[PDB]
Amino acid sequence: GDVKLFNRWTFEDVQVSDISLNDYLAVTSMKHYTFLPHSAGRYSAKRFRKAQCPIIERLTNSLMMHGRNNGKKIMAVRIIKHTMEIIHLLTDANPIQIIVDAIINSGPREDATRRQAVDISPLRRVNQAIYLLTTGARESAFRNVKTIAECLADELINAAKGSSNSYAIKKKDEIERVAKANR
Amino acid sequence: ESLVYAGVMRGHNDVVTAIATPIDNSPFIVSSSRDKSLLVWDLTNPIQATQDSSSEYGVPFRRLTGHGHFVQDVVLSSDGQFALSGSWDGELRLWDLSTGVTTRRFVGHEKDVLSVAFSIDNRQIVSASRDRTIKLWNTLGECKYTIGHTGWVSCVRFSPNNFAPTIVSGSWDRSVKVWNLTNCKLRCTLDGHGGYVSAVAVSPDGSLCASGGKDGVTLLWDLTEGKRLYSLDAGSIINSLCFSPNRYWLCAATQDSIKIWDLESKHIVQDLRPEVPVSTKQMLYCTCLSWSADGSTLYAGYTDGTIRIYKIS
Amino acid sequence: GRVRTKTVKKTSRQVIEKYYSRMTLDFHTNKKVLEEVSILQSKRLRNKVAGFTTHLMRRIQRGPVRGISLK
Amino acid sequence: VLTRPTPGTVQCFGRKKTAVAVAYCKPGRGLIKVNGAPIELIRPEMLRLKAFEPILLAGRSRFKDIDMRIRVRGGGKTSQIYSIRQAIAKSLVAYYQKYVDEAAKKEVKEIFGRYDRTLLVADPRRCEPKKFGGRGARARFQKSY
Amino acid sequence: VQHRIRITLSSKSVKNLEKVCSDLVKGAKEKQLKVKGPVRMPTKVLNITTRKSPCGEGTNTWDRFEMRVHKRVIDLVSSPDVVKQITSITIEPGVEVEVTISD
Amino acid sequence: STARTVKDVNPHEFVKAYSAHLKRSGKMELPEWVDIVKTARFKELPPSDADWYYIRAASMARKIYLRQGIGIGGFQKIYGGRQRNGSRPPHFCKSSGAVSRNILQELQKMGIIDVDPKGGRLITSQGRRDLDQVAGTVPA
Amino acid sequence: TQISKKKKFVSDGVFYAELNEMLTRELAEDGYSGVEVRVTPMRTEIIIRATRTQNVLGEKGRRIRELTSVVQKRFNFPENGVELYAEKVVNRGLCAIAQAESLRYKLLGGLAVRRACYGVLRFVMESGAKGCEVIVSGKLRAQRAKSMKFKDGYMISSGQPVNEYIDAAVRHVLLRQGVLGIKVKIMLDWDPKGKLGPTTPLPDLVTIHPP
RNA sequence: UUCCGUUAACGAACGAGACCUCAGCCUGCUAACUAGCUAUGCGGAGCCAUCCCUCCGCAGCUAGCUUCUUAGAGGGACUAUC
Ligand SMILES: [Mg+2]
Ligand SMILES: [Mg+2]
Ligand SMILES: [Mg+2]
Ligand SMILES: [Mg+2]
Ligand SMILES: [Mg+2]
């Protein structure tokens, strides 16, 4: 327990349930434990190197949108910290487990290309989960008194439970449905 | 009468090029590598091999990182506190082993230095380089006579006898030359090799001189008479040659194995070979053989940077 | 794409053709002798010739090649 | 030959982009400062843990016998912190290599490497020059037809 | 000797300037004069960027011309006589030697 | 604890403590144009803090403590920032020189900062002592 | 009086570019190849490279002194602070400006272009260039303009070795029907002594010592 | 049109790449009063005095040195090893 996120949250007790989505969320291995969701890492030179990037950092990078927020990663890390504290307040559990549960219960597993229904790979699954989570939080925050950190916390908490009150889960459902209608 | 795998030490990440041993049986060794560094090994508490897959016959004690390119030959001082490391960057450095810093750089070689050798009394320094010249130095970094060969002088060993200080020289011109240090002239060109002479060695008594290289055949001549003698045949290209201090042996680091030959029966007494497990390191051979001062342990530097110790049992 | 051009490949086979004896299996030793039996106008081109020379010098040990290497 | 040398001084630098941080280490009582101020005050504050990582991992006990004075110039407010990080790590590694035995260096270097190679090896990434025909290195002016 | 001499050397080429500097510092070290140098100043990069087209048609393509000025400073302590006796060898074209006497 | 100089304390807390110190000392005379002026022309409102004069005095006192030779133009550049030009791109702008000069003269009329012959302003021994003895009171 | 080191090197460059222009226009029919400015401490010696080094000198050196005085007054040198010499271009065949002007006068006279361009090629190749190329563009025979290339030998076009191995010139002929263009590109051979051509061999050229 | 390989084609040449410049590495080299570092001395402040320690300023072409800065020379990668 030497490395803790923000020196306030433990990594050892994080259980990544899905065996499929296990090598594409970098939380369990000790090599993927970091103090800060900020690395300035070169996780884009190769095709499958962003999978070995810490998952909190992958969540943080999707907050640097839109263009008005591009490159502002310290503010994104601040949002992540203030979101992880609200998560611990409203769930009394480890915020990293809530985050991995939300990313697991948000990635669509089947999609319709071309309209044949195709199955999503684990990497695109986690990418879509993160994209939907941060997109829903950002759209909740836009033109709203609620802070982006509070909207992110609410979205993550509702996605961890599996409730259809989270924009990501509603959208996952639509996506997979259109791949059931067009099977 | 025989050697057993005492243990292995890993302190270099690339080909170990030379291993010098203290003359006074001090419990350390100095090893160079193509990682541009020297390494002093703590050999006070040697963990003998247990086949438990761990341990280290020795601990790396002090690193010496001053050279700019591959270190190729290091010889220790008679006192044991000083080391002289020739490097491919073209200079020689004199290191205080206690502190770990360079005490004198030896400039004057234009190409990669290949072999260094202290005199019997640590007064003169000789170096061999790719510039086809043999350079004599002082302990003050001043270049004396600059001895000739027609190729890379790969090795130059100081005859351990004092009636007439002599430096041998093996070259990529396929020759072995005996230079009289007193006049810095030449005495006898010992020829007969069919390939580059990548290694020479002189027996402690200062009579027999060994020579090997590309030909794969170790020709042992006599320095005093300059006449060829028995023509011991090794398996592959010989990288290093060394005489046992007290057991009348001649070990040759070849690309197949380490072969020790008793010069009395002219027969192969043993052939040590690494216990590597796969065809990964397709070529993993020994580059530098080194007998300890007592003559009880043989240190072998390999191409992976590991050092394997074989004690007499 | 790391495909060697003719100048690198041709020089490699001509160097092995003449100086097979004074050519080792190590890049760093081969790039030193390549400076003694040739005049190349670039370090980058000298490295590519010695790296492909070492490459060929190991395939010769395998046994089949389309050079000559009388031996 | 097999005795520890008298503890002395090392000077090591780290780099990120155009920021350079140089750490001067001397035998002391464990003081670590950057441009005179204590490191426990470095800013930005939410990147403070990034600069603390080498100390938090090597342990504050490995820094007792050294005083760390770090000068950092260039770059920005992130690259300077990432440079101070690498300067601290490389300074501790070099200090353990010249005055505290190679084995302890090897252990601390292995810890640093398993956490992050950036702690020891500088990232070689630099800004790409701008090309005419666009406002950026790759971006081109908007095309009409 | 007595006074302090600063020889400034400038050029557009590195090899000519460096070999002139080597000649100067070699002459200084033969006459047993202490020499501080050569000291290489930061290189000046004179840059001109202009539209290659002599008119306003085509892809607006830009050629970037550069002139690099290299400055070398040599600091001897001596008398003017030895200084002009040293800086009288064949100074190669393009090299601007300039001698200034300090206290 | 104590024995902490200025380069030991968090600047945000040191400036707040020293502004209170200056306001308590009662040796600062405020201009008539304290509630009117703006610190810069790119500013669109006067400072919202009533004690902004003492806060800026503490800020410049600390800056003169850490560096010697800052002039009025240097302090205009230090407290200058980004100007928004309406429909035009933003650029850097400088601060007001009257405010900097008046506060520095008020700080000369306390023996905190003097003026050096080499140009600008230096910190006096009394000013160094004052800032260092206030830095020890700052809670860590 | 104090001039920057920037302003000074730009001024030397502009002075060189202007001198060569006025010498090109003045010593046109003297075979002017180029000028080598050499600022010695006493005077700024100026060496002129030409083919008719008796036409630029003039009767008892009248023309050369006239040019020396014109340069002194126009460029504002100190009196006796400039001295214009006149040397011999060693190999006229290996100079693209000399051949460009020779082909200029070989066409101002009236000789057929297809016979003078091949003559220039001939002379260059006998001189020793590794390759030569001549381009003639303009209203050669008809009203529509066309470009006739005259290439023989080996000629590189790309990379850095071009600005070491390619000696090139561009000259106009002011004819009755309009302007005729002449591009002469002479490719030099690698000279170990660095007189006839470059001293650096071409980068791709590899030499293996015979065993 | 980069090679391999097939083959009435073989062997070349231009072009491509090579080349050149800038950037990335060098605790190796060369050298800095128009660049710094470190130490020393003095002075200022703190702590409370001094001392020590900490943060500063000034000085020393007899204080050393070149890590940081500069700029020359070189080295370094070759897909080298698996
Ligand atoms: Mg909002
Ligand atoms: Mg003004
Ligand atoms: Mg804007
Ligand atoms: Mg090209
Ligand atoms: Mg340096």
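By convention in this document, chain letters (A, B, ...) are assigned in the order of the sequence lines, proteins followed by strands, and residues within each chain are numbered from 1. Computation of the quantities below employed the complete heavy-atom set of this structure, encompassing side-chain atoms and omitting hydrogens, waters and symmetry-equivalent molecules.
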Nearest heavy atom decides the nucleotide; on that basis, is C:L25 or E:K71 closer to the 5' end of RNA chain H?
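Mapping each residue to its closest nucleotide by heavy atoms, the 5'-most match is E:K71.
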In terms of side-chain geometry, is the basic nitrogen of [X] or [Y] positioned less than 4.0 Å from the acidic oxygen of its partner?
X: F:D8; Y: D:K33; answer: yes
X: D:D67; Y: D:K26; answer: no
X: D:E102; Y: D:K105; answer: yes

Check whether any side-chain N or O of [X] sits under 4.0 Å from OP1 or OP2 of [N], and answer yes or no.
X: E:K19; N: H:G72; answer: no
X: C:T5; N: H:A18; answer: no
X: C:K48; N: H:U79; answer: yes
X: D:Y24; N: H:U67; answer: no
X: C:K9; N: H:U2; answer: no
X: B:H69; N: H:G76; answer: yes
X: E:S22; N: H:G72; answer: no
X: E:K15; N: H:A73; answer: no
X: F:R128; N: H:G43; answer: no

Just the rounded figure in Å: distance from [atom2] of [N] to [atom1] of [X].
X: F:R129; N: H:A49; atom1: CZ; atom2: P; result: 15 Å
X: D:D67; N: H:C53; atom1: CG; atom2: P; result: 10 Å
X: E:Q2; N: H:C61; atom1: CD; atom2: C1'; result: 17 Å
X: D:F13; N: H:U67; atom1: CZ; atom2: P; result: 9 Å
X: C:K6; N: H:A13; atom1: NZ; atom2: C1'; result: 9 Å
X: E:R72; N: H:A73; atom1: CZ; atom2: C1'; result: 11 Å
X: C:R44; N: H:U21; atom1: CZ; atom2: P; result: 13 Å
X: D:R15; N: H:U27; atom1: CZ; atom2: P; result: 12 Å

With distance as the sole criterion, do the side chain of [X] and the base of [N] form a donor-acceptor contact below 3.5 Å?
X: D:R69; N: H:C55; answer: no
X: B:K36; N: H:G28; answer: no
X: E:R6; N: H:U34; answer: no
X: B:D89; N: H:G74; answer: no

Going by the glycosidic torsion and a 90 degree boundary from 0, is the base of H:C61 oriented syn or anti?
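Syn, since the glycosidic angle lies within 90° of 0.
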For H:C48, measure the glycosidic angle (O4'-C1'-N9-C4 for a purine, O4'-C1'-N1-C2 for a pyrimidine) and name it syn if it falls within 90° of 0, otherwise anti.
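Anti, since the glycosidic angle lies more than 90° from 0.
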Counting only Watson-Crick or G-U wobble geometry with both distances under 3.5 Å, does H:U66 pair with H:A35?
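Paired: H:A35 with H:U66, WC or G-U, both distances under 3.5 Å.
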Report which part of the nucleic acid [X] touches: base, sugar-phosphate, or nothing (heavy-atom distance under 4.0 Å, all strands).
X: F:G136; value: nothing
X: C:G51; value: sugar-phosphate
X: C:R58; value: sugar-phosphate
X: F:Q68; value: sugar-phosphate
X: F:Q133; value: sugar-phosphate
X: B:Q282; value: sugar-phosphate
X: F:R67; value: nothing

If we take the [atom1] atom in both [N] and [M], what is their distance in whole Å?
N: H:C22; M: H:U40; atom1: P; answer: 42 Å
N: H:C19; M: H:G5; atom1: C1'; answer: 30 Å
N: H:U66; M: H:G76; atom1: P; answer: 24 Å

For H:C52, pucker side given by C1'-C2'-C3'-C4' sign
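That sugar belongs to the north family, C3'-endo side.
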Paired nucleotide for H:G41 [Watson-Crick or G-U wobble; both distances under 3.5 Å]:
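H:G41 is paired with H:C58.
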Mind checking who H:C20 pairs with, Watson-Crick or G-U wobble, both distances under 3.5 Å?
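H:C20 is paired with nothing.
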How are the rings of B:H67 and B:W95 set to each other: parallel, tilted or perpendicular (split at 30° and 60°)?
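Rings of B:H67 and B:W95: perpendicular, as their planes differ by over 60°.
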